[PDB]
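Single-structure report; data block below.
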Amino acid sequence: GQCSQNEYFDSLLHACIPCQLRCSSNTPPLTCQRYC
Amino acid sequence: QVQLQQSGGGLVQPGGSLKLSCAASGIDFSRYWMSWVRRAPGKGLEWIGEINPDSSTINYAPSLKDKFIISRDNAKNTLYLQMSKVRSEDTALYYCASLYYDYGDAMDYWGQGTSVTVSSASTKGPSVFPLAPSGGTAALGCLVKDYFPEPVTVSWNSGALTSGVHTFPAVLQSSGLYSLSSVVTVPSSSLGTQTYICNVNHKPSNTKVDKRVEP
Amino acid sequence: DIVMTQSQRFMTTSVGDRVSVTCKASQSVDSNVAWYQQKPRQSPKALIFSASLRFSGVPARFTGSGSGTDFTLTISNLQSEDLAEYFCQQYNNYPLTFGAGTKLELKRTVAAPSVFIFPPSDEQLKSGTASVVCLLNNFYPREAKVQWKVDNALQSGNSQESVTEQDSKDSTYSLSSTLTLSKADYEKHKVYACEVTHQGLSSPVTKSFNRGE
Ligand SMILES: [Cu+2]
């Protein structure tokens with residue numbers, strides 16, 4: 001799915017998810033690096 | 001209140017077909033992907049498949065892709081699972097689900113589950129036999145044998161006796177009929193003076209049996 | 001198809017403790033991993049998605065971690081209501097695949113089973129089948145071994161057993177094993193014996209009876 005740079009696609013929920021939700025994790029999506 | 005209401009399973013013979021329904025209300029059904037999973041006796045959770053909102057994408061577990069058909073009717077807010085060529089392995093609890101992300105939250109909703117039993121056996125109430133009675137503790141019980149389908153309920157002394165009661169999971173016998181035991185431990189010194197009766201109900205057959213268990 | 005391995009089918013824990021359930025993917029799944037909870041006679045419940053993100057309503061004591069192949073569901077300060085079965089799932093590749101499940105149970109002091117054997121009832125014999133039942137009551141841990149012996153001959157393939165869920169009041173298990181014979185076979189032999197092996201028994205215990213006595 002097409003998400004803006006601040007989001008990433010989760011295919012279980014089939015939705016763009018905010019990167020901010022993943023920033024505290026040691027392992028955020030690679031595309032969330034810029035935002036986080 | 002959100003409700004995934006399931007219907008349409010039950011008894012079927014091997015080789016037969018069954019269509020399960022999962023009717024949604026309280027969410028915008030039409031926005032979301034819908035899923036099927038099942039849980040067979042003695043097995044873990046098994047993914048069956050999922051279907052997107054406009055039905056242009058449907059993915060299946062590979063073993064089920066030629067037996068099971070997933071569909072939806074958004075005008076009825078209903079998800080379907082069409083089962084065919086069924087076998088003993090398909091005896092299970094089937095659950096529909098919606099997993100989604102909307103209004104800033106990740107959501108999961110589940111139907112209450114639909115039981116399917118695949119078998120050649122006809123519905124039959126159990127035969128109930130006494131398990132007749134360590135030191136100060138004695139064990140006694142009832143053997144609830146040869147019924148179909150699941151489930152039976154067992155109480156003791158009409159519900160008055162609950163301490164020490166263990167009612168075991170049924171086992172499926174090679175005959176296709178189920179069997180279980182219900183036991184209880186009681187004081188040995190009570191055996192002459194106290195009456196012990198197991199009450200065995202089998203709703204599928206509309207039968208109730210009481211069995212006095214004595215020395 | 002990706003295999004999700006939960007190496008621990010049971011885990012022993014205590015209320016108040018921290019528990020971590022492992023799950024290992026057979027190939028990399030990035031962070032596309034979910035965790036689910038299921039109790040007996042209840043629908044599953046989704047706990048975690050994206051390896052570390054909670055579904056709405058899931059208590060903060062549930063956390064998830066991992067990326068690539070090794071994933072962990074952690075429950076801090078376990079509550080009684082958290083005693084259930086836990087499943088990981090990958091959704092990196094279709095078909096989505098579940099792990100085999102990890103069932104939590106409570107630690108308690110080792111307890112030997114009390115063993116009881118029941119001959120078939122005369123009622124049942126009238127119908128031409130003999131069910132001999134052996135009961136292992138209120139033991140811990142759950143692992144137990146039952147062997148049937150008919151006139152001291154080790155029996156094979158003619159028994160079935162089942163085990164209760166862990167007792168909500170004393171944390172023990174009970175087990176019943178049923179030996180099934182035809183009435184004819186039953187009456188060809190004298191001594192019917194249930195031999196039980198368990199950690200609480202310093203050597204195997206046998207309960208037996210002689211048919212018609
Ligand atoms: Cu013989």
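Within each chain, counting starts at residue 1; across the structure tokens, chains are named A, B, ... in the order shown, with ligands numbered 1 upward in that order.
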
| Within-8 Å residues of ligand 1, basis only C-alpha atoms and all ligand atoms, as an MDAnalysis selection string | chainID C and resid 185 188:189

| query | Could you name the residues that touch region 133-146 of chain C at 6 Å or less, counting only C-alpha atoms, but leaving out those on the same chain fewer than 2 positions away, as a ChimeraX atom specification? | reply | /C:110-118,172-178,195-198

| field | Counting only C-alpha atoms, chain A residues within 12 Å of chain C, as a VMD selection string | value | chain A and resid 8 to 30

Would you mind exporting C-alpha atoms of the selected residues as a PDB file, in the first residue's frame?
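File written: part24.pdb
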ATOM      1  CA  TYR A   8       4.299   2.501   6.891  1.00  0.00           C
ATOM      2  CA  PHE A   9       1.963  -0.200   5.590  1.00  0.00           C
ATOM      3  CA  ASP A  10       0.921  -3.092   7.837  1.00  0.00           C
ATOM      4  CA  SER A  11      -0.558  -5.900   5.747  1.00  0.00           C
ATOM      5  CA  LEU A  12      -2.314  -7.725   8.604  1.00  0.00           C
ATOM      6  CA  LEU A  13      -4.464  -4.634   9.205  1.00  0.00           C
ATOM      7  CA  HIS A  14      -4.098  -3.537   5.580  1.00  0.00           C
ATOM      8  CA  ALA A  15      -3.505   0.041   6.591  1.00  0.00           C
ATOM      9  CA  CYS A  16      -0.919   2.777   6.795  1.00  0.00           C
ATOM     10  CA  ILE A  17       0.370   2.993  10.354  1.00  0.00           C
ATOM     11  CA  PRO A  18       2.039   6.049  11.946  1.00  0.00           C
ATOM     12  CA  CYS A  19       5.817   5.651  12.252  1.00  0.00           C
ATOM     13  CA  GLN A  20       5.528   7.389  15.621  1.00  0.00           C
ATOM     14  CA  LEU A  21       4.016   4.211  17.047  1.00  0.00           C
ATOM     15  CA  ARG A  22       7.271   2.383  16.201  1.00  0.00           C
ATOM     16  CA  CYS A  23       9.892   4.987  17.182  1.00  0.00           C
ATOM     17  CA  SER A  24      10.424   3.701  20.740  1.00  0.00           C
ATOM     18  CA  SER A  25      11.139   0.209  19.421  1.00  0.00           C
ATOM     19  CA  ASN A  26      14.739  -0.816  18.810  1.00  0.00           C
ATOM     20  CA  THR A  27      13.547  -2.006  15.398  1.00  0.00           C
ATOM     21  CA  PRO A  28      11.283   0.485  13.546  1.00  0.00           C
ATOM     22  CA  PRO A  29      10.617   0.060   9.788  1.00  0.00           C
ATOM     23  CA  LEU A  30      13.516   1.251   7.623  1.00  0.00           C
TER      24      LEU A  30
END

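Each of C:213, C:122, C:17, C:105 was checked against residue 75 (chain C) using only C-alpha atoms; the smallest atom-to-atom distance is that of C:17.
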
| query | In chain A, what's helix (DSSP H, G or I) per DSSP? Answer as a VMD selection string? | reply | chain A and resid 19 to 22 30 to 32

| Spatial neighbours of residue 30 (chain B), 12 Å, only C-alpha atoms, chain gap at least 4 places, as a VMD selection string | chain B and resid 23 to 26 34 51 to 55 72 to 79 98 100

Give me the residues within 9 Å of residue 40 (chain B) as a PDB file with C-alpha atoms, in the first residue's frame, counting only C-alpha atoms and dropping any in the same chain fewer than 2 places off.
ATOM      1  CA  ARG B  38     -10.430 -22.461  12.942  1.00  0.00           C
ATOM      2  CA  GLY B  42      -6.002 -31.269  19.726  1.00  0.00           C
ATOM      3  CA  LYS B  43      -4.655 -28.741  17.247  1.00  0.00           C
ATOM      4  CA  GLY B  44      -3.609 -25.112  17.426  1.00  0.00           C
ATOM      5  CA  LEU B  45      -5.164 -22.134  15.665  1.00  0.00           C
ATOM      6  CA  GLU B  46      -5.259 -22.525  11.880  1.00  0.00           C
ATOM      7  CA  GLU B  89      -9.940 -32.995   9.876  1.00  0.00           C
ATOM      8  CA  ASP B  90     -12.578 -30.310   9.241  1.00  0.00           C
ATOM      9  CA  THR B  91     -14.337 -30.953  12.534  1.00  0.00           C
ATOM     10  CA  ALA B  92     -13.536 -27.754  14.408  1.00  0.00           C
ATOM     11  CA  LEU B  93     -14.658 -24.429  15.810  1.00  0.00           C
ATOM     12  CA  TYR B  94     -14.682 -21.837  13.013  1.00  0.00           C
TER      13      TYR B  94
END

| task | Pull out every residue of chain B sitting within 12 Å of chain A, counting only C-alpha atoms, and send them as a PyMOL selection string. | result | chain B and resi 31-35+49-53+97-108

| field | Residue list (strand (DSSP E), DSSP) for region 119-186 of chain C, as an NGL selection string | value | :C and (129-139 or 145-150 or 153-154 or 159-163 or 173-182)

Go ahead and save the picked residues with N, CA, C and O atoms, as a short mmCIF file (atom, residue, chain, number, x, y, z; two decimals), in the first residue's frame.
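Final output, saved to again.cif:
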data_model
loop_
_atom_site.label_atom_id
_atom_site.label_comp_id
_atom_site.auth_asym_id
_atom_site.auth_seq_id
_atom_site.Cartn_x
_atom_site.Cartn_y
_atom_site.Cartn_z
N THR C 129 -19.30 -55.14 25.94
CA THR C 129 -18.03 -54.41 25.94
C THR C 129 -17.55 -54.22 27.37
O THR C 129 -18.36 -54.13 28.30
N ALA C 130 -16.24 -54.20 27.55
CA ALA C 130 -15.63 -53.94 28.84
C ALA C 130 -14.78 -52.67 28.79
O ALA C 130 -13.83 -52.57 28.00
N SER C 131 -15.11 -51.69 29.62
CA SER C 131 -14.26 -50.52 29.75
C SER C 131 -13.63 -50.55 31.13
O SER C 131 -14.34 -50.54 32.14
N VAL C 132 -12.30 -50.59 31.17
CA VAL C 132 -11.57 -50.56 32.43
C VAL C 132 -10.96 -49.18 32.55
O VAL C 132 -10.31 -48.69 31.62
N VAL C 133 -11.19 -48.52 33.68
CA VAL C 133 -10.80 -47.12 33.81
C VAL C 133 -9.79 -46.96 34.93
O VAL C 133 -9.96 -47.48 36.04
N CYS C 134 -8.72 -46.24 34.62
CA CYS C 134 -7.72 -45.93 35.61
C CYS C 134 -7.68 -44.42 35.76
O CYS C 134 -7.67 -43.69 34.77
N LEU C 135 -7.68 -43.98 37.01
CA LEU C 135 -7.71 -42.57 37.33
C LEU C 135 -6.45 -42.17 38.07
O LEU C 135 -6.07 -42.82 39.05
N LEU C 136 -5.80 -41.12 37.58
CA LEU C 136 -4.67 -40.50 38.26
C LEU C 136 -5.17 -39.14 38.73
O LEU C 136 -5.45 -38.26 37.91
N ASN C 137 -5.35 -38.99 40.03
CA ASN C 137 -6.02 -37.79 40.53
C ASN C 137 -5.10 -36.79 41.24
O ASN C 137 -4.28 -37.16 42.08
N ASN C 138 -5.27 -35.52 40.88
CA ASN C 138 -4.65 -34.39 41.57
C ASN C 138 -3.14 -34.49 41.71
O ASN C 138 -2.60 -34.48 42.84
N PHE C 139 -2.46 -34.57 40.57
CA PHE C 139 -1.00 -34.64 40.55
C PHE C 139 -0.38 -33.39 39.93
O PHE C 139 -1.06 -32.61 39.30
N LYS C 145 2.85 -40.97 32.98
CA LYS C 145 2.84 -42.08 32.05
C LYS C 145 1.98 -43.21 32.62
O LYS C 145 2.18 -43.63 33.76
N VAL C 146 1.00 -43.66 31.84
CA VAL C 146 0.21 -44.83 32.24
C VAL C 146 0.46 -46.00 31.31
O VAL C 146 0.45 -45.85 30.08
N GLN C 147 0.71 -47.17 31.89
CA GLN C 147 0.80 -48.40 31.12
C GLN C 147 -0.28 -49.36 31.59
O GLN C 147 -0.50 -49.51 32.79
N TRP C 148 -0.93 -50.02 30.65
CA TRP C 148 -1.90 -51.06 30.98
C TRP C 148 -1.22 -52.42 30.90
O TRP C 148 -0.38 -52.65 30.03
N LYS C 149 -1.57 -53.31 31.82
CA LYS C 149 -1.09 -54.68 31.76
C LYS C 149 -2.23 -55.67 31.99
O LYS C 149 -3.00 -55.52 32.94
N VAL C 150 -2.33 -56.66 31.12
CA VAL C 150 -3.35 -57.69 31.24
C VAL C 150 -2.67 -59.04 31.45
O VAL C 150 -1.97 -59.53 30.56
N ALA C 153 0.97 -58.75 30.77
CA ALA C 153 1.38 -58.43 29.41
C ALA C 153 1.14 -56.94 29.13
O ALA C 153 0.03 -56.44 29.31
N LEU C 154 2.18 -56.24 28.68
CA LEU C 154 2.07 -54.83 28.33
C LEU C 154 1.11 -54.62 27.17
O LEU C 154 1.29 -55.20 26.09
N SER C 159 -6.07 -48.34 24.40
CA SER C 159 -6.45 -47.43 25.47
C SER C 159 -6.52 -46.02 24.94
O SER C 159 -5.92 -45.70 23.91
N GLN C 160 -7.29 -45.17 25.62
CA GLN C 160 -7.29 -43.75 25.32
C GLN C 160 -7.23 -42.99 26.63
O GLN C 160 -7.77 -43.45 27.63
N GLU C 161 -6.58 -41.84 26.64
CA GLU C 161 -6.54 -41.05 27.86
C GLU C 161 -6.91 -39.61 27.61
O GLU C 161 -6.90 -39.14 26.48
N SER C 162 -7.27 -38.90 28.67
CA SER C 162 -7.40 -37.46 28.55
C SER C 162 -7.08 -36.86 29.90
O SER C 162 -7.03 -37.57 30.92
N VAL C 163 -6.79 -35.57 29.87
CA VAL C 163 -6.29 -34.85 31.04
C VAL C 163 -7.13 -33.60 31.24
O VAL C 163 -7.51 -32.93 30.29
N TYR C 173 -3.44 -31.57 38.18
CA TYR C 173 -4.01 -32.15 36.98
C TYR C 173 -4.60 -33.48 37.38
O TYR C 173 -4.18 -34.07 38.39
N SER C 174 -5.55 -33.98 36.59
CA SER C 174 -5.98 -35.36 36.75
C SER C 174 -6.01 -36.00 35.38
O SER C 174 -6.15 -35.31 34.38
N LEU C 175 -5.88 -37.32 35.34
CA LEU C 175 -5.80 -38.04 34.08
C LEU C 175 -6.64 -39.30 34.17
O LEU C 175 -6.61 -40.02 35.18
N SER C 176 -7.37 -39.59 33.10
CA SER C 176 -8.08 -40.85 33.05
C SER C 176 -7.68 -41.59 31.79
O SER C 176 -7.59 -41.01 30.71
N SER C 177 -7.44 -42.88 31.96
CA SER C 177 -7.08 -43.75 30.87
C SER C 177 -8.11 -44.86 30.85
O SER C 177 -8.42 -45.44 31.89
N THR C 178 -8.65 -45.14 29.67
CA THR C 178 -9.67 -46.18 29.52
C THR C 178 -9.13 -47.28 28.63
O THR C 178 -8.76 -47.02 27.48
N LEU C 179 -9.09 -48.50 29.16
CA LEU C 179 -8.79 -49.68 28.36
C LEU C 179 -10.11 -50.29 27.87
O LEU C 179 -11.01 -50.56 28.67
N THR C 180 -10.25 -50.50 26.56
CA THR C 180 -11.51 -51.03 26.05
C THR C 180 -11.28 -52.39 25.42
O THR C 180 -10.43 -52.53 24.55
N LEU C 181 -12.04 -53.39 25.88
CA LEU C 181 -12.00 -54.73 25.30
C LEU C 181 -13.41 -55.21 25.01
O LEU C 181 -14.38 -54.69 25.57
N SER C 182 -13.52 -56.21 24.15
CA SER C 182 -14.77 -56.92 24.02
C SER C 182 -14.97 -57.72 25.30
O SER C 182 -14.00 -58.06 25.99
#

Select residues of chain C: the criterion is any atom within 6 Å of an atom of chain B, counting only C-alpha atoms; output as a short mmCIF file (atom, residue, chain, number, x, y, z; two decimals) with N, CA, C and O atoms, in the first residue's frame.
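Full text of iface-v8.cif as output:
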data_model
loop_
_atom_site.label_atom_id
_atom_site.label_comp_id
_atom_site.auth_asym_id
_atom_site.auth_seq_id
_atom_site.Cartn_x
_atom_site.Cartn_y
_atom_site.Cartn_z
N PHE C 55 -2.99 -4.14 20.04
CA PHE C 55 -4.34 -3.82 19.62
C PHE C 55 -4.99 -2.98 20.71
O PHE C 55 -4.58 -3.01 21.87
N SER C 56 -5.98 -2.21 20.29
CA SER C 56 -6.80 -1.43 21.20
C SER C 56 -7.36 -2.28 22.33
O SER C 56 -7.90 -3.36 22.09
N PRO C 95 0.72 -17.97 2.54
CA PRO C 95 -0.36 -17.97 3.53
C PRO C 95 0.11 -17.53 4.92
O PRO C 95 1.22 -17.89 5.30
N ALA C 100 2.50 -23.11 16.93
CA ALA C 100 1.69 -24.21 17.47
C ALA C 100 1.01 -23.88 18.79
O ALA C 100 0.14 -24.63 19.24
N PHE C 118 -10.98 -48.92 38.12
CA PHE C 118 -12.38 -49.32 38.14
C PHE C 118 -12.64 -50.44 37.14
O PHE C 118 -12.43 -50.25 35.94
N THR C 164 -7.45 -33.30 32.49
CA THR C 164 -8.16 -32.09 32.81
C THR C 164 -7.26 -30.87 32.61
O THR C 164 -6.04 -30.99 32.56
#

| message | Between CA of residue 121 (chain B) and CA of residue 150 (chain B), what distance in Å does the model show, to one decimal? | response |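 So the answer is 11.8 Å.
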
| field | Selection: 7 Å around residue 205 (chain B), only C-alpha atoms, excl. self and same-chain fewer than 6 positions, as a VMD selection string | value | chain B and resid 123 to 125

May I have the residues from that selection written out with N, CA and C atoms, as a JSON list (two decimals), in the first residue's frame?
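Saved as result.json:
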[["chain", "number", "residue", "atom", "x", "y", "z"],
["B", 123, "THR", "N", -26.91, -38.82, 15.49],
["B", 123, "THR", "CA", -27.02, -38.30, 16.86],
["B", 123, "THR", "C", -27.52, -39.37, 17.83],
["B", 124, "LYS", "N", -26.83, -39.51, 18.96],
["B", 124, "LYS", "CA", -27.13, -40.59, 19.90],
["B", 124, "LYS", "C", -26.76, -40.19, 21.32],
["B", 125, "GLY", "N", -27.68, -40.40, 22.25],
["B", 125, "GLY", "CA", -27.43, -40.09, 23.65],
["B", 125, "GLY", "C", -26.52, -41.14, 24.29]]

| said: If I take CA of residue 6 (chain C) and CA of residue 25 (chain C), how far is one from the other in Å, to one decimal? | reply: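 About the pair CA of residue 6 (chain C) and CA of residue 25 (chain C): they are 9.1 Å apart.
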
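Picture a line from CA of residue 158 (chain C) to CA of residue 147 (chain B); it runs 19.1 Å.
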